[PDB]
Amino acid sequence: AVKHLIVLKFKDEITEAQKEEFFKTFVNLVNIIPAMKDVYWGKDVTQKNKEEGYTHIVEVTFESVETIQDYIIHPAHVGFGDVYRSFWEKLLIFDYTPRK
């Protein structure tokens, strides 16, 4: 399985309630985008690199690297971006196959 990892910082003006609604909406995308198999998110608790400012993590599970693209251009994902684009200040994205 492939992981789509999002590391993000919200803009200062976004409230806690707004962040909660943002993540709730994103988690619920799993039901309507076939390529999305699972979602978890969380807030960093350690603040080891404050200077970089990232605060939140989202992890999305996919069957393959190829199905990530199905998710990217799915109208529900495009709609999510259209609605919440103003919420985030910056993000890092990674796509990888977990191994050990």
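In this text, residue numbers run from 1 along the sequence as written.
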Quick one: higher average CA temperature factor, 17-25 or 77-85?
-> 77-85
Of 54-62 vs 68-76, the stretch with the larger average CA B-factor in the entry is 68-76
Classify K11 as lowest, middle or highest third according to the C-alpha B-factor given in the PDB entry, relative to its own chain.
-> middle
Binned into thirds over the chain's modelled residues, the C-alpha B-factor of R99 lands in the highest
Tertile call for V30 (CA temperature factor, within chain, third-based) is the middle
Temperature factor at the Cα of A1, chain-ranked in thirds, falls in the highest
Please place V45 in the lowest, middle or highest third of its chain by C-alpha B factor as given in the entry.
-> lowest
